[PDB]
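Chemist:
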Amino acid sequence: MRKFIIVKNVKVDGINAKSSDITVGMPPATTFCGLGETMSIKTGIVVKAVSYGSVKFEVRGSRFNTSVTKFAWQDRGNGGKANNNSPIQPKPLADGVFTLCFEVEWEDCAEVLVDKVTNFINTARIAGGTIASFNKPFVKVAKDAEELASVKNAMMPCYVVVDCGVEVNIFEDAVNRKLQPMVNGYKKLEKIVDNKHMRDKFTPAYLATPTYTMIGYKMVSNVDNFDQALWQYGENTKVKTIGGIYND
Amino acid sequence: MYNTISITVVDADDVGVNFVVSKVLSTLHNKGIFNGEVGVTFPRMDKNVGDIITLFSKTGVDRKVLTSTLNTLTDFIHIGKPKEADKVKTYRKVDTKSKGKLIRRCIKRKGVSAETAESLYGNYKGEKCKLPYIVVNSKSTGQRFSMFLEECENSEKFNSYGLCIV
Amino acid sequence: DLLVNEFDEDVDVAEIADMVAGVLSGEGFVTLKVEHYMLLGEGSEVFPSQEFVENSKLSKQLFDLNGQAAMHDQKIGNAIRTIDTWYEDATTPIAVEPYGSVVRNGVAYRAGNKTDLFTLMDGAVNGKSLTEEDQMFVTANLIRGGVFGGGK
Amino acid sequence: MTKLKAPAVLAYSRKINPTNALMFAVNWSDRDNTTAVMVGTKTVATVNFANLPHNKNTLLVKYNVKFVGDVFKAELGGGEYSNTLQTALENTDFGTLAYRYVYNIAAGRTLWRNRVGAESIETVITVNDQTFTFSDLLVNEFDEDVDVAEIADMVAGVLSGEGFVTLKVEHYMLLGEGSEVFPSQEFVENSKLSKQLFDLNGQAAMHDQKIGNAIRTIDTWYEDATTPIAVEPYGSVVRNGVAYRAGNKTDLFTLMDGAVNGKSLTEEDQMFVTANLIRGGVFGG
RNA sequence: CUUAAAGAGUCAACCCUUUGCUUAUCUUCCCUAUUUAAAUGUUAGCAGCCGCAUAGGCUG
Numbered sequence: 001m002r003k004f005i006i007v008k009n010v011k012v013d014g015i016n017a018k019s020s021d022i023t024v025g026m027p028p029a030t031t032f033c034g035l036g037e038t039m040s041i042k043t044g045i046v047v048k049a050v051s052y053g054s055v056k057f058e059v060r061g062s063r064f065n066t067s068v069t070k071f072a073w074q075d076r077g078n079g080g081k082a083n084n085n086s087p088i089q090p091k092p093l094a095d096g097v098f099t100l101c102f103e104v105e106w107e108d109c110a111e112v113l114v115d116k117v118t119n120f121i122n123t124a125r126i127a128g129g130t131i132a133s134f135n136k137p138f139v140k141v142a143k144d145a146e147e148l149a150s151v152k153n154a155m156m157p158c159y160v161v162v163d164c165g166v167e168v169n170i171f172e173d174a175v176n177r178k179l180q181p182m183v184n185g186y187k188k189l190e191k192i193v194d195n196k197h198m199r200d201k202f203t204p205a206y207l208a209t210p211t212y213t214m215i216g217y218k219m220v221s222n223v224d225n226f227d228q229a230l231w232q233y234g235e236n237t238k239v240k241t242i243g244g245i246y247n248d
Numbered sequence: 001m002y003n004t005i006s007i008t009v010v011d012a013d014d015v016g017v018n019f020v021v022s023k024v025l026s027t028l029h030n031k032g033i034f035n036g037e038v039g040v041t042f043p044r045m046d047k048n049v050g051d052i053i054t055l056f057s058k059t060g061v062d063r064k065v066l067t068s069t070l071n072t073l074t075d076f077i078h079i080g081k082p083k084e085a086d087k088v089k090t091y092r093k094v095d096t097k098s099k100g101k102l103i104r105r106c107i108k109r110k111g112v113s114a115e116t117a118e119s120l121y122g123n124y125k126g127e128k129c130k131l132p133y134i135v136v137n138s139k140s141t142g143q144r145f146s147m148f149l150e151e152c153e154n155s156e157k158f159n160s161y162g163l164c165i166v
Numbered sequence: 154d155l156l157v158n159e160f161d162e163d164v165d166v167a168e169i170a171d172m173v174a175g176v177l178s179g180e181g182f183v184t185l186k187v188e189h190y191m192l193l194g195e196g197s198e199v200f201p202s203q204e205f206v207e208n209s210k211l212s213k214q215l216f217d218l219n220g221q222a223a224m225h226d227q228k229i230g231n232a233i234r235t236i237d238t239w240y241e242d243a244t245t246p247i248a249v250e251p252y253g254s255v256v257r258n259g260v261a262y263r264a265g266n267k268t269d270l271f272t273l274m275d276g277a278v279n280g281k282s283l284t285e286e287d288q289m290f291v292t293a294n295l296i297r298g299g300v301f302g303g304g305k
Numbered sequence: 001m002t003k004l005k006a007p008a009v010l011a012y013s014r015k016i017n018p019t020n021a022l023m024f025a026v027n028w029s030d031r032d033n034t035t036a037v038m039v040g041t042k043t044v045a064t065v066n067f068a069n070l071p072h073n074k075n076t077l078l079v080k081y082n083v084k085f086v087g088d089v090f091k092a093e094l095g096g097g098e099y100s101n102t103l104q105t106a107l108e109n110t111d112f113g114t115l116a117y118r119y120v121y122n123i124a125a126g127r128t129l130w131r132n133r134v135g136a137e138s139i140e141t142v143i144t145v146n147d148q149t150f151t152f153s154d155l156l157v158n159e160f161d162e163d164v165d166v167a168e169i170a171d172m173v174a175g176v177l178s179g180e181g182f183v184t185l186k187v188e189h190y191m192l193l194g195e196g197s198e199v200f201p202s203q204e205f206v207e208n209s210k211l212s213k214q215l216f217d218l219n220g221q222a223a224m225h226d227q228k229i230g231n232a233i234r235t236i237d238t239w240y241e242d243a244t245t246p247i248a249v250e251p252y253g254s255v256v257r258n259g260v261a262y263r264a265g266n267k268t269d270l271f272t273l274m275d276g277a278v279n280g281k282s283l284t285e286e287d288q289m290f291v292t293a294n295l296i297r298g299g300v301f302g303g
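Chains as they are written, first to last, in the deposited numbering: chain B, 1 to 248; chain I, 1 to 166; chain C, 154 to 305; chain H, 1 to 45, 64 to 303.
(1) If you measure between the beta carbons of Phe216(C) and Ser202(C), is that distance less than 8 Å?
(2) In the DSSP assignment, the alpha helix (DSSP H) including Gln288(C) goes from what residue to what residue?
(3) For a contact meaning CB atoms closer than 7 Å, what does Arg2(B) contact in chain C?
(4) Between the beta-carbon of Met155(B) and the beta-carbon of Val220(B), is there less than 8 Å?
(5) Within the 8 Å Cβ cut-off, does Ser62(B) reach chain C?
(6) For the alpha helix (DSSP H) that contains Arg105(I), what are its first and last residues?
(7) So with Cβ pairs under 8 Å, would you call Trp130(H) a contact of chain I?
(8) Just to confirm before moving on: does the CB-CB distance between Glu250(H) and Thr268(H) stay below 8 Å?
(9) Are the CB atoms of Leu193(H) and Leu70(H) within a distance shorter than 8 Å?
(10) So who's on the other strand from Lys191(B), going by DSSP bridges?
(11) In angstroms, rounded to a whole number, what distance separates the CA positions of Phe67(H) and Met147(I)?
(12) Quick one: residues in its chain with C-beta nearer than 6 Å to the C-beta of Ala142(B), no 5 flanking neighbours on either side, listed in chain order?
(13) Find out if the Cβ-Cβ distance for the pair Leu177(H), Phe85(H) is shorter than 8 Å.
(14) Consult DSSP for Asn73(H) and reduce its assignment to one of helix, strand or coil.
(15) Does the segment 48-61 of chain B come within contact of the segment 226-234 of chain B, defined as at least 3 CB pairs closer than 8 Å?
(16) Using a cut-off of 8 Å between C-beta atoms, extract the partners of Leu73(I) located in chain H.
(17) Quick check on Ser202(C): does DSSP put it in helix, strand or coil?
(18) Examine the Cβ distances between the segment 254-266 of chain C and the segment 79-98 of chain B and report whether three or more of them are shorter than 8 Å.
(19) From what residue to what residue does the alpha helix (DSSP H) around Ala174(C) run?
(20) Which whole runs of the beta strand (DSSP E) in the segment 6-52 of chain I are 3 residues long or more, in chain order?
(21) Start and end of the alpha helix (DSSP H) containing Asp227(B)?
(22) If we ignore side chains and look at the alpha-carbon of each, how far apart do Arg76(B) and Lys91(B) end up?
(23) Residues in the segment 53-84 of chain I with C-beta within 9 Å of chain H's C-beta atoms, listed in sequence order?
(24) Excluding the 5 residues flanking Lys218(B) on each side, which residues of the same chain have their C-beta closer than 7 Å to its C-beta?
(25) Between residue 252(B) and chain C, is the shortest Cβ-Cβ distance under 8 Å, so that the two count as touching?
(26) Does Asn219(C) have its Cβ less than 8 Å from a Cβ in chain B?
(27) Examine the Cβ distances between the segment 74-82 of chain I and the segment 239-247 of chain B and report whether three or more of them are shorter than 8 Å.
(28) Compute the Euclidean distance between the alpha carbons of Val7(B) and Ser197(C), then round it to the nearest angstrom.
(29) According to DSSP, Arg63(I) sits in a beta bridge with which residue or residues?
(30) Tell me the residue span of the beta strand (DSSP E) that contains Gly280(C).
(31) For residue 251(B), report the span of its beta strand (DSSP E) as first-last.
(32) Indicate whether the contact test is met: 3 or more Cβ pairs, each with one atom in the segment 155-164 of chain I and one in the segment 88-108 of chain I, closer than 8 Å.
(33) Could one say the Cβ of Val68(B) lies closer than 8 Å to chain C's Cβ atoms, at least one of them?
(34) Assign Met191(C) to one of two classes, buried (16 or more other C-beta atoms within 10 Å of its C-beta) or exposed (fewer than that).
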């Protein structure tokens, strides 16, 4: 039919809050889709889509400047310099509390699914952040669009992310539409020739640059079509919602 | 074998089944039956007894004195024919007393006095003496316990409602 | 009350180190839930993590999570991995660092003396023999994690 | 030129009006020395109780019921829909409705928990200077009594036409000294906080709407019928978590719309719809 | 298969002196709150005895 598993109040400490060179804050949908796919690889459960919501969130630092992290020495040929503060790249970190909902292909009993999900989460991070504590995951199911609303409100309370597309461009839309940019995918700039230095020796490699959309945050309740708030991979190496652009 | 006869409560949804069941078992105990040779068993009990109250005995249940001792409730009651079977889940009542009761015995007897001695025993109370299977009746003393029915195997000695020991 | 700069023997520290070494030596995980209680006195100053920000409004900013004083995960980490009592002229335990770096004071206790993580790792890989404590130092650097760069 | 819907605020006023019931104690052979049953307050951690005195053995429940005619004249509904429904129901068997109402009154269903465990029960009804007595009637069936039909004749004359009539009802129940009596229950927010019983100047009593739910219990024309339920537009008995007229085209609104829009009604359906209009409520929107 | 993988912000601190918020004031007119009702959760518990008593068992 349609099965989901919800994990509420995922306290995460130490998030890599830089999603791109011009976006620092809430981890983007690409991150949670990658998390769902990591779980798919590690457990075998097929993950159709994911929906995430912020319960608490704070970037470290002040209002207009993010915190610095103290870089520790790490590279060879630096012993003649390890007696002084290591030079330093920017790496804003954050701390938060999220609620997750994964749509899954499951035919078995709920206890097995929940235990496999918990045993995966115990080995994961979220956007690099250490997972400190999460509630017991629970399963729900929906046949018609009425039970989908119950699955939706089961995440309460949290602010989930809807995709409202780009009219002009990121900057003009931020100024005029009072919305928030978000990394939604990537654009391939050039193929990388040699995998001498890559995570794989075989997987195709490309230099890329992020592609964005314009998102909005809304209380899972006030969202009508829950599909409009479920993110998954897809066309043209982007990610998007099952229900498309948000306007009910 | 035994000698069993079942009273089933019917058409009492106006007044609730379990309330009738309690009234029936009460009227039984109050005057007459359960002379040590009768006991009670509920073949449809799941939570809060159920719809059927059977009586058993080895010396034949008087089917006709029933119908005239349950004469005040006979409109919510269907008394069955004397049927027979060898095997009867037998039950017994489970007591749980509050702490204030415990403390009065521990003052009057069990050597102690004053508050400092209350706090000695009043250290940790029952914390959570939850129970299951209720039937309610107000005793002759003047209180309203909530009887609890735990399944025991046959003691073959009963007093009033349930089993005992020897 | 426990002596910090000496790793004195204790049966409960060892009873927990049993499971911790069992997880580190193999696979799996183990989570300790830690509480600390300190009798400091009514109204005593506590010391949350200090923030490294360019903030003109404050001369000293303390780390906060929805207004509550807190300490950075990475500072607790730097505290835990302070176990290195094996550098030359060893005095007190320092944090596991590939160069024995204590930038805090302007010194590195493993700089240019054949005892840095990279010299010892090249040794271990290329057939050389390792002390028990050089093994411990290299594996503790692996436990620390890192992105060690330079080479080919 | 075709359809006909119902007004948005189509509403009917209730036509069976019982007063609140007061609870007294008497002796079965001393019915003139009445004493009031007082509600009881005593503490735990604090709940209410209501008992008979230790020198009286019979509970006495007094109340009244006024039957009001013009049962088709709506309270806020308009003209066309309500008047054509009145025309479609003019051949309703009012005799049966009156009989079942007055019998529920006489059989003592309105006593609820107070009739359980009674040595003997006696209902005394005054109406139009005529006194009727009923003894140990059966509740679960509509037994034939000449006095019940004699009173239901006046009641059906009122319901099928105009005016009103007042049945002044007393109930005597032989229960035994110190017995527990059962007033209406009030609101309880959580299980541990205070329980409360309904009173009037401290005297135990029963809500008028409870007696009303008792008198209204006549519906036996629901699918797979059995015992008589109270007249509700959906036949809802929330105590059983079901609605025996829900989603099977046997509800009040479907039958009403049918009666107004040409369709025909059985005698059972007509009696049900008229019993609803006598119950009252808003049947629109 | 998460802009993956990695990281100590740390020491110290006198914010000090002084002060008139003053005058005046129309919140007015009109009003249908209505139909209807089971608190259920049978309540859910405890008073006395034996007891070395927070072992177990028993009284209407």
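We treat Cβ as the ideally placed atom computed from N, Cα and C, and that holds for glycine.
Modeler: Here's the rundown:
(1) yes
(2) 285-297
(3) Per Cβ cutoff of 7 Å: no residues; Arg2(B) is ~32 Å from chain C at best.
(4) yes
(5) yes
(6) 99-108
(7) yes
(8) no
(9) yes
(10) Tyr206(B)
(11) 20 Å
(12) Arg2, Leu148, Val151
(13) yes
(14) coil
(15) yes
(16) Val134, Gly135
(17) coil
(18) yes
(19) 164-178
(20) 39-41
(21) That residue, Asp227(B), is in no alpha helix (DSSP H); it is neither H nor E in DSSP.
(22) 22 Å
(23) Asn71, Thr72, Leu73, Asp75, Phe76
(24) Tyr159, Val160, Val162
(25) This structure cannot settle anything about residue 252(B), because the visible part of chain B is limited to 1 through 248.
(26) yes
(27) no
(28) 39 Å
(29) Its beta-bridge partners do not exist; DSSP assigns none.
(30) From DSSP, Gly280(C) is part of no beta strand (DSSP E); its letter is neither H nor E.
(31) Since the first residue of chain B shown is 1 and the last is 248, residue 251(B) is not available in this structure.
(32) yes
(33) yes
(34) exposed
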